[PDB]
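Read the single chain below, which is given as structure tokens and is the form deposited in one PDB entry.
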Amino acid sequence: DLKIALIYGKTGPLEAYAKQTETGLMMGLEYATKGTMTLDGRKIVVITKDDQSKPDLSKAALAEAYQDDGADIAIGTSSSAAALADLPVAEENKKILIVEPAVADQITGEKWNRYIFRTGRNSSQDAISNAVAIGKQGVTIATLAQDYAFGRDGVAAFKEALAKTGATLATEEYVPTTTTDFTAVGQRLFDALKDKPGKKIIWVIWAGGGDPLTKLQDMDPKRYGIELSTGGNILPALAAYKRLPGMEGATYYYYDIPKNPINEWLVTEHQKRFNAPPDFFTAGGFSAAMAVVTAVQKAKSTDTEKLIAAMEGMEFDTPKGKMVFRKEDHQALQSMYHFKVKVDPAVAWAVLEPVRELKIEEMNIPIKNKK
């Protein structure tokens, strides 16, 4: 009777992540309902739809969920390109789509509509949290990014947040997306910082292969008194960070950082069931579960207009503590975590030790959905 559709890239390149989203969603619904899978008398049923991270298949799966399966609400999807394609389907069917995990800023910006909410963090939250984490008086930063919208828009968001922190931005380098040799750009970055007083940091934003952090580290930035910094990542990706002891940045999640009853249960039970800790996608799927149950409980209905009214400005509890759907753009505001890398040779990933929890009010996330 409460029918939730999960759209996810169960097969294809994002398979591993999609499976984690599903695990988090089911564990979150279990937690929220004390294992009953019922809410105010309604049995909760989850319908999963594999979109193969293909946008045309995603649009069709979501329509099918709303129209054939009678889903009351949907959560999706793994690929930002698929999620962006899906947004008009929510509007056409007058049903809510809770976006999770897709991060693309445009989902709550230029391409947003009133039926779209998002529990996943957006790419602006990633960049901004990094600026707030590392930006202080006595710090000078140079940035390295790929020459494409993700890189440029990420550095733009970082730069705007950094301006209020007391840190100075010395230079911005943008290199072809396919760059694998960082010798030339590395030297420009080092030359831009080496004579500055105080602390000097190269902050990197990068998607895909190329391994700029390792390649810059191989050039020995410490000889110029320069530190490297980048955002956090999923556990398999953190293996590479074992080469960067003491590196700081900000992350969406690391299992051992948040200390709250929800995360405590999630971590303990996930380890018991699967012999591994929860990751980004697990935490986000859980957050989406909690958003749905809190909304339906508050609305006392699955009517879409009642759900929108209930969800705008709505606080809900997650493994990351409190999240709130901002009324204007329906983006979940949420904590982010300033970390410092610790290298434990017995652990497969670099350990992200807590420096500070960046609370919701510590980050100004721009509102970009005004047309």
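By rigid core we mean the largest C-alpha set that fits within 1.5 Å across both forms. In case it trips you up, residue 1 is the first one in the sequence shown, and so on.
Taking the mean C-alpha B-factor of each stretch as recorded, 104 to 112 and 175 to 183 are not equal, and the higher mean is that of 175 to 183. Higher mean CA temperature factor between 211 to 219 and 188 to 196: 211 to 219, per the PDB entry. For the set 159, 270, 300, 121, the PDB entry assigns the largest Cα B-factor to 300.
Going by the entry's values, 54 shows the largest Cα B-factor out of 320, 326, 340, 54.
Annotation for residue 350: CA B-factor lies in the middle third of the chain's modelled residues. Per-chain ranking of the deposited C-alpha B factor places residue 28 in the lowest third. When the CA B factors of the chain's modelled residues are split into thirds, the value for residue 281 lands in the lowest one. Sorting the modelled residues of the chain by their CA temperature factor places residue 335 in the lowest third. The entry lists a Cα temperature factor for residue 363 that places it in the middle third of the chain's modelled residues.
One more form of this protein should be noted, the form deposited in another entry, which is absent from this view; the next part is about it.
Among the residues 71, 295, 202, 96, the single one whose Cα moves by at least 2 Å between this form and the one not shown, once the core is superposed, is 202.
Superposed on the core, the two forms differ at residue 231: its CA moves 2 Å or more between this form and the one not shown. A movement of the C-alpha atom of residue 304 falling short of 2 angstroms is seen between this form and the one not shown when the two forms are aligned on their rigid core. Remark: with the core as the superposition reference, the CA shift of residue 148 between this form and the one not shown reaches 2 Å or more. Note on residue 347 and residue 266: their C-alpha atoms are more widely spaced in the other form, a change of at least 3 Å from this conformation. Shown here is a form in which the CA atoms of residue 79 and residue 130 lie at least 3 Å farther apart than they do in the other form.
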